[PDB]
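Before any questions on binding or motion, here is one chain by itself as structure tokens, the form deposited in one PDB entry.
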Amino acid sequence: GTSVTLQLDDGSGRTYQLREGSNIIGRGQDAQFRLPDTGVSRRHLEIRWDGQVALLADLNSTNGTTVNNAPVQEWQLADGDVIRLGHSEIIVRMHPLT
């Protein structure tokens, strides 16, 4: 099994571990990973995780999403990908379980 972590690269080191299903990143209180960034939409992107594959989708955000500085709608994440949204940067890492 695999797990995926998202780490904010703002100095705080704040981290979120993907759960199975939908994982919403945004500025709003319904977000699973909530960012204090006015350039980030209330529900900005989703990462869908099934324990194997992490699929990122921009949720029609106002400012868009990039991965590895490429503009994305949907994107299949890999270890080391860097997600940018608003003024924020998130480093994606995979690690094995058990």
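Quick note: we count residues from 1 along the sequence shown, nothing fancier.
FYI, the form solved in complex with a partner chain isn't displayed, but the following is about it.
Checking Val40, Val67, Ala31, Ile47 for any heavy atom within 4.5 Å of its partner chain in the deposited complex turns up a single hit: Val40. In the deposited complex, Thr62 approaches its partner chain with a heavy atom inside 4.5 Å. Using a 4.5 angstroms threshold between heavy atoms, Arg19 stays clear of its partner chain in the deposited complex.
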